[PDB]
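Data block for work-v2.pdb (PDB, C-alpha atoms):
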ATOM      1  CA  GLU O   1       0.000   0.000   0.000  1.00  0.00           C
ATOM      2  CA  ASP O   2       1.556   3.287  -1.303  1.00  0.00           C
ATOM      3  CA  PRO O   3      -0.246   6.743  -1.333  1.00  0.00           C
ATOM      4  CA  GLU O   4       0.375   6.681  -5.156  1.00  0.00           C
ATOM      5  CA  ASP O   5      -2.179   3.808  -5.559  1.00  0.00           C
ATOM      6  CA  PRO O   6      -5.678   5.240  -6.616  1.00  0.00           C
ATOM      7  CA  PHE O   7      -7.747   3.718  -3.728  1.00  0.00           C
ATOM      8  CA  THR O   8      -4.993   4.420  -1.110  1.00  0.00           C
ATOM      9  CA  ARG O   9      -4.648   8.199  -1.900  1.00  0.00           C
ATOM     10  CA  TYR O  10      -8.473   8.406  -2.292  1.00  0.00           C
ATOM     11  CA  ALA O  11      -8.875   6.943   1.236  1.00  0.00           C
ATOM     12  CA  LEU O  12      -6.000   9.233   2.398  1.00  0.00           C
ATOM     13  CA  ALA O  13      -7.821  12.232   0.824  1.00  0.00           C
ATOM     14  CA  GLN O  14     -10.851  11.278   2.962  1.00  0.00           C
ATOM     15  CA  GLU O  15      -8.423  11.344   5.983  1.00  0.00           C
ATOM     16  CA  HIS O  16      -7.222  14.882   4.926  1.00  0.00           C
ATOM     17  CA  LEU O  17     -10.951  15.927   4.929  1.00  0.00           C
ATOM     18  CA  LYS O  18     -11.223  14.529   8.507  1.00  0.00           C
ATOM     19  CA  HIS O  19      -8.043  16.481   9.556  1.00  0.00           C
ATOM     20  CA  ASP O  20      -9.672  19.714   8.121  1.00  0.00           C
ATOM     21  CA  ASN O  21      -6.916  19.696   5.364  1.00  0.00           C
ATOM     22  CA  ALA O  22      -9.693  19.865   2.720  1.00  0.00           C
ATOM     23  CA  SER O  23      -7.248  21.831   0.483  1.00  0.00           C
ATOM     24  CA  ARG O  24      -4.773  18.861   0.456  1.00  0.00           C
ATOM     25  CA  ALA O  25      -7.670  16.405  -0.161  1.00  0.00           C
ATOM     26  CA  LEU O  26      -8.859  18.691  -3.008  1.00  0.00           C
ATOM     27  CA  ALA O  27      -5.505  18.445  -4.837  1.00  0.00           C
ATOM     28  CA  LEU O  28      -5.537  14.596  -4.361  1.00  0.00           C
ATOM     29  CA  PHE O  29      -9.035  14.164  -5.913  1.00  0.00           C
ATOM     30  CA  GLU O  30      -8.359  16.711  -8.760  1.00  0.00           C
ATOM     31  CA  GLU O  31      -5.158  14.762  -9.651  1.00  0.00           C
ATOM     32  CA  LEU O  32      -7.117  11.458  -9.452  1.00  0.00           C
ATOM     33  CA  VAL O  33      -9.414  12.836 -12.229  1.00  0.00           C
ATOM     34  CA  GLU O  34      -6.650  14.114 -14.605  1.00  0.00           C
ATOM     35  CA  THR O  35      -4.472  10.941 -14.226  1.00  0.00           C
ATOM     36  CA  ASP O  36      -7.273   8.303 -13.795  1.00  0.00           C
ATOM     37  CA  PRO O  37     -10.545   9.562 -15.496  1.00  0.00           C
ATOM     38  CA  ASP O  38     -11.749   5.933 -15.120  1.00  0.00           C
ATOM     39  CA  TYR O  39     -11.845   6.075 -11.255  1.00  0.00           C
ATOM     40  CA  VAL O  40     -15.527   6.955 -10.646  1.00  0.00           C
ATOM     41  CA  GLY O  41     -15.089   6.999  -6.818  1.00  0.00           C
ATOM     42  CA  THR O  42     -13.086  10.244  -7.092  1.00  0.00           C
ATOM     43  CA  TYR O  43     -15.823  12.237  -8.919  1.00  0.00           C
ATOM     44  CA  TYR O  44     -18.446  11.818  -6.160  1.00  0.00           C
ATOM     45  CA  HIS O  45     -16.096  12.782  -3.254  1.00  0.00           C
ATOM     46  CA  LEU O  46     -14.426  15.655  -5.228  1.00  0.00           C
ATOM     47  CA  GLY O  47     -17.817  17.141  -6.133  1.00  0.00           C
ATOM     48  CA  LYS O  48     -19.035  16.865  -2.496  1.00  0.00           C
ATOM     49  CA  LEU O  49     -15.851  18.734  -1.444  1.00  0.00           C
ATOM     50  CA  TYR O  50     -16.513  21.382  -4.167  1.00  0.00           C
ATOM     51  CA  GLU O  51     -20.053  21.968  -2.715  1.00  0.00           C
ATOM     52  CA  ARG O  52     -18.384  22.567   0.726  1.00  0.00           C
ATOM     53  CA  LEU O  53     -16.035  25.192  -0.826  1.00  0.00           C
ATOM     54  CA  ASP O  54     -19.027  26.979  -2.596  1.00  0.00           C
ATOM     55  CA  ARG O  55     -17.570  25.594  -5.888  1.00  0.00           C
ATOM     56  CA  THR O  56     -21.019  24.110  -6.703  1.00  0.00           C
ATOM     57  CA  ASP O  57     -20.603  24.774 -10.494  1.00  0.00           C
ATOM     58  CA  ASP O  58     -17.281  22.845 -10.466  1.00  0.00           C
ATOM     59  CA  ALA O  59     -19.143  20.049  -8.601  1.00  0.00           C
ATOM     60  CA  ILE O  60     -21.787  19.854 -11.427  1.00  0.00           C
ATOM     61  CA  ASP O  61     -18.938  19.462 -13.988  1.00  0.00           C
ATOM     62  CA  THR O  62     -17.185  16.728 -11.896  1.00  0.00           C
ATOM     63  CA  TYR O  63     -20.447  14.760 -11.399  1.00  0.00           C
ATOM     64  CA  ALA O  64     -21.212  15.002 -15.169  1.00  0.00           C
ATOM     65  CA  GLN O  65     -17.723  13.558 -15.950  1.00  0.00           C
ATOM     66  CA  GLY O  66     -18.465  10.928 -13.287  1.00  0.00           C
ATOM     67  CA  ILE O  67     -21.798  10.003 -14.966  1.00  0.00           C
ATOM     68  CA  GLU O  68     -20.053   9.116 -18.285  1.00  0.00           C
ATOM     69  CA  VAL O  69     -17.531   6.798 -16.575  1.00  0.00           C
ATOM     70  CA  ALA O  70     -20.168   5.472 -14.064  1.00  0.00           C
ATOM     71  CA  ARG O  71     -22.628   4.105 -16.679  1.00  0.00           C
ATOM     72  CA  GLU O  72     -19.843   2.564 -18.865  1.00  0.00           C
ATOM     73  CA  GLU O  73     -16.921   1.708 -16.460  1.00  0.00           C
ATOM     74  CA  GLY O  74     -18.517   1.803 -12.955  1.00  0.00           C
ATOM     75  CA  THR O  75     -21.907   0.369 -11.823  1.00  0.00           C
ATOM     76  CA  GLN O  76     -25.538   1.667 -11.601  1.00  0.00           C
ATOM     77  CA  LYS O  77     -24.682   2.390  -7.905  1.00  0.00           C
ATOM     78  CA  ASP O  78     -22.099   5.023  -9.008  1.00  0.00           C
ATOM     79  CA  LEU O  79     -24.350   6.384 -11.792  1.00  0.00           C
ATOM     80  CA  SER O  80     -27.394   7.019  -9.541  1.00  0.00           C
ATOM     81  CA  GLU O  81     -25.254   8.723  -6.794  1.00  0.00           C
ATOM     82  CA  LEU O  82     -23.528  11.133  -9.258  1.00  0.00           C
ATOM     83  CA  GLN O  83     -26.824  12.047 -11.007  1.00  0.00           C
ATOM     84  CA  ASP O  84     -28.366  12.523  -7.505  1.00  0.00           C
ATOM     85  CA  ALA O  85     -25.475  14.586  -6.116  1.00  0.00           C
ATOM     86  CA  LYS O  86     -25.526  17.014  -9.087  1.00  0.00           C
ATOM     87  CA  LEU O  87     -29.395  17.410  -9.117  1.00  0.00           C
ATOM     88  CA  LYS O  88     -29.300  18.707  -5.485  1.00  0.00           C
ATOM     89  CA  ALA O  89     -26.249  20.903  -6.392  1.00  0.00           C
ATOM     90  CA  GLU O  90     -28.435  22.421  -9.237  1.00  0.00           C
ATOM     91  CA  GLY O  91     -30.628  23.764  -6.356  1.00  0.00           C
ATOM     92  CA  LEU O  92     -27.814  24.983  -3.994  1.00  0.00           C
ATOM     93  CA  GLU O  93     -26.882  28.179  -5.892  1.00  0.00           C
ATOM     94  CA  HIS O  94     -30.183  27.959  -7.922  1.00  0.00           C
ATOM     95  CA  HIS O  95     -28.054  29.535 -10.737  1.00  0.00           C
ATOM     96  CA  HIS O  96     -27.492  26.188 -12.532  1.00  0.00           C
ATOM     97  CA  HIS O  97     -27.067  26.192 -16.352  1.00  0.00           C
ATOM     98  CA  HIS O  98     -28.113  23.838 -19.196  1.00  0.00           C
ATOM     99  CA  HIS O  99     -25.487  21.065 -19.686  1.00  0.00           C
TER     100      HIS O  99
END
Kindly present the structure from the file in structure tokens form.
Amino acid sequence: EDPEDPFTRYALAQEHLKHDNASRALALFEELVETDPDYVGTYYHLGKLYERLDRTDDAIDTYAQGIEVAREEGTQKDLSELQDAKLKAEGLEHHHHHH
């Protein structure tokens, strides 16, 4: 187990969230997207973190990317959660746009 492995650094990013180092967790999840666009588990947790930081628009984008890889690469479990997490984010700022 190295913090370079996708699941390990993902789980470690969750630990950074718990230590209030949300900024360090943010960088981990954002890198997880750019390097491993396949890893659906990132997109959920990164978007949730975006909503915390009032980056709700960025969250919508991350969930949408997640949806594509959830339906093809992930499972229906992933797909439903990402579609759900964005539809509530559409109503946070209530300034959501047509994707």
May I have the protein, DNA and RNA residues with any atom at most 12 Å from the point (-5.3, 15.5, 2.4), counting all atoms listed in the file, written as a PyMOL selection string? chain O and resi 3+8-30+46+49
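The space between CA of residue 75 (chain O) and CA of residue 87 (chain O) spans 18.8 Å.
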Just the residues within 12 Å of residue 86 (chain O), please, counting all atoms listed in the file, with nothing from its chain fewer than 5 positions along; format it as JSON, numbers by chain. {"O": [43, 44, 45, 46, 47, 48, 50, 51, 56, 57, 58, 59, 60, 61, 62, 63, 64, 65, 66, 67, 79, 80, 81, 91, 92, 93, 94, 96, 97, 99]}
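Comparing O:7, O:41, O:89, O:2 by their smallest distance to residue 74 (chain O), the closest is O:41 (using all atoms listed in the file).
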Would you list the contacts of residue 6 (chain O) as an MDAnalysis selection string, taking every protein, DNA or RNA residue within 9 Å and counting only C-alpha atoms, but skipping same-chain residues closer than 5 positions in sequence? chainID O and resid 11 32 36 39 42
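Across the structure, CA of residue 40 (chain O) and CA of residue 95 (chain O) are spaced 25.8 Å apart.
With CA of residue 84 (chain O) on one side and CA of residue 98 (chain O) on the other, the separation reads 16.3 Å.
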